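Taking the form deposited in one PDB entry, here's one chain by itself in structure tokens.
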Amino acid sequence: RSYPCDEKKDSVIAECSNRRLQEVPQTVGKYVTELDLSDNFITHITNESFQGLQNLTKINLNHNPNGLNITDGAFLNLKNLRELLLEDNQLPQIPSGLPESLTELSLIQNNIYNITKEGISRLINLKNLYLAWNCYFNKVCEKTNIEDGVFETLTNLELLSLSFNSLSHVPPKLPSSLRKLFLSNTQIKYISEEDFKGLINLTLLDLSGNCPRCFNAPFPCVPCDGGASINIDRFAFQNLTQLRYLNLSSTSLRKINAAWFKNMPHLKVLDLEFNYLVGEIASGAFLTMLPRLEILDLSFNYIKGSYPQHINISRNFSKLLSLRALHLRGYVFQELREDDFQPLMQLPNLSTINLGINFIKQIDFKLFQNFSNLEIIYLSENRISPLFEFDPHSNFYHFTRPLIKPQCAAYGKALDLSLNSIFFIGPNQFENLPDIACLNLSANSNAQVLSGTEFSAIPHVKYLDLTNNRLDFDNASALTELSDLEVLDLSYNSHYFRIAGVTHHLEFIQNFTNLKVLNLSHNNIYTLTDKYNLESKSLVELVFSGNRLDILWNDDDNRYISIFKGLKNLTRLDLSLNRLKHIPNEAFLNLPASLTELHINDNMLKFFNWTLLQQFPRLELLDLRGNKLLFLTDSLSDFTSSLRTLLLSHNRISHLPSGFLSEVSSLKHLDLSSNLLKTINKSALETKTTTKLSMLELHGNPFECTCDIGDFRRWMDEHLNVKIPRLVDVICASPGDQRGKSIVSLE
């Protein structure tokens, strides 16, 4: 059994991160090819640290300690080492004598202010070199000294990242093999004709944050003198014929020289966020030079103090023939009229329009159907009413997550109106809209009684998100006009459910023939009017977490005893966070017999009647984590033959009964972590048929490490197929001499 790392298997990885290791372990497997030692307390690396580990092709030593002192030539003997990650290590210099076999070296987030030939010129096989985030913002640091011609001999270098360093000028003598050059936030004020002359294979250039736009910056921002623009020579990109990505975000540009794109026939992504381009958006000659551009980001170009009535889009936007996505967040305007987006309406592949954060008060929604083929209409965070801190591996100027949840967008045309003020959906709200399949009305402070007519203009919505509103469910016909509804999210609409004296109606759930997923989470549901039961012939998943089944299933009330029984097709049920101390036997028996997955985690269960699992012949996963269960049944095989996963972590199990792990043949994963187990007896492990378990979790139990743990230690040796992860965390609580150590220590 591997210790202290966990080994996963054209390679074998030793997962050894975040285990409080004070030194590199001298017990790593001879066959290991990738060693992850990140987030440990290692303070020193010497030529003896990785001795006899010649198969290593990758080492990750990021975030060590919690600076790391690496001796000259510490990694020199590792002849197949290709990838070395040494991020966030407070390194004062590039380590000396690094192995010549390196193809990837990451030194992000260190204190390296000198890039010398001694450090990297001998690394002739380098393909990717990351030196970003060594001197930036108000960090006490020196200006970066790039030794003349340091990168020149790295003739296989394809990616060079020097962003978030004080460079002042583009380094001369860069190798012509470069494909991606990152120079964001480097204090480069001028780009000359010769700065990139030999870079004929360059596909990406990032010059963002040079002469930044600093008003309301969420980081320490130093603008160029007088808030001046970056000065790019007319011929600076004349030989960058292969450029596909260009990032000029936050370069304080007011004018874009169209000639910059004269010899960029393949430009695909142009990022111009955080500039002063309102004038250029209205009359952009550069827009005629970009017929293959697919993504154009012009977000946050607003004029401080100016809140115009309308957006002014140049007729030249009609020349962006290949445009697929247009981002115009933070332009800031009051109304979107149909005439305002006429230049975009004949672009055949424009599928995404992003107008988030524009303080838009009104939109003529009929304009969207006149676009060729919109698939994502993102209008989140507007004022529409009734009709280290930064991840160095992420985009600094915008979030990279999808605008709309992929599960919602997969259904078809999406309209996101979340975080607006549509407090009431009137009869004309969704008129003249395309066939919307995915609709998000989350966080619109909507307190209306939906009554079956509000969505009649878009009746083919398949995924509806109404979360975080104050909806008053007081009409049995609510949402029934949505005949094709498959996913309905009503999470966080507790406002009226929490008032006992008002009426509450959930009868509409029964009317849907295609409803698959329903989320009623965090609604504080504890009382219903007249109809106490949820019914659906189609529903497969119900999320009922954050409600009050402790009240609904109170021992003195029989009204909700069959609340979920009518969900005849249900396979997944989540009853977590319902303050349950016990479930009445009759209420558990009335859960749908079709269940395959049942979660009752994060309640306060003191008892669980295991005998009742007999009535659930399809139950594969039972999750009882985060409860107060004191014991386990000694005859689980008599009550279930389908259970494959049993999650019991964070409970108070102090003893396993005799014959527990052996008899349940279908059980593959048993999680007993964070319980109160002191020991595991020989009787508890084996009986007649050996264990069909493949994973047994035991970290966080207060084990007694005396000779009484010997039987379990021998069982672990005889059952190497049963994985017990994180042995470093399966720790001795007693006696004093063994406290803090893993149970696998002491013979």
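From 1 onward, residues are counted along the sequence shown. Throughout, rigid core stands for the largest set of C-alpha atoms superposing within 1.5 Å between the two forms.
One more form of this protein exists, namely the form deposited in another entry; it is left out here, but the text below deals with it.
- Checking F137, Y526, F317, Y190 for C-alpha shifts of 2 Å or more between this form and the one not shown, after the rigid core is superposed, gives a single hit: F137.
- Once both forms are overlaid on the rigid core, the distance between the two CA positions of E586 between this form and the one not shown is under 2 angstroms.
- In the core-superposed comparison between this form and the one not shown, the C-alpha atom of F365 has shifted by less than 2 angstroms.
- After superposition on the rigid core, the Cα of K606 moves by less than 2 Å between this form and the one not shown.
- Relative to this form, the distance between the C-alpha atoms of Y496 and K568 is increased by at least 3 angstroms in the other entry.
- Put simply, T503 and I551 come closer in the other entry: their C-alpha atoms are 3 Å or more nearer than in the form shown.
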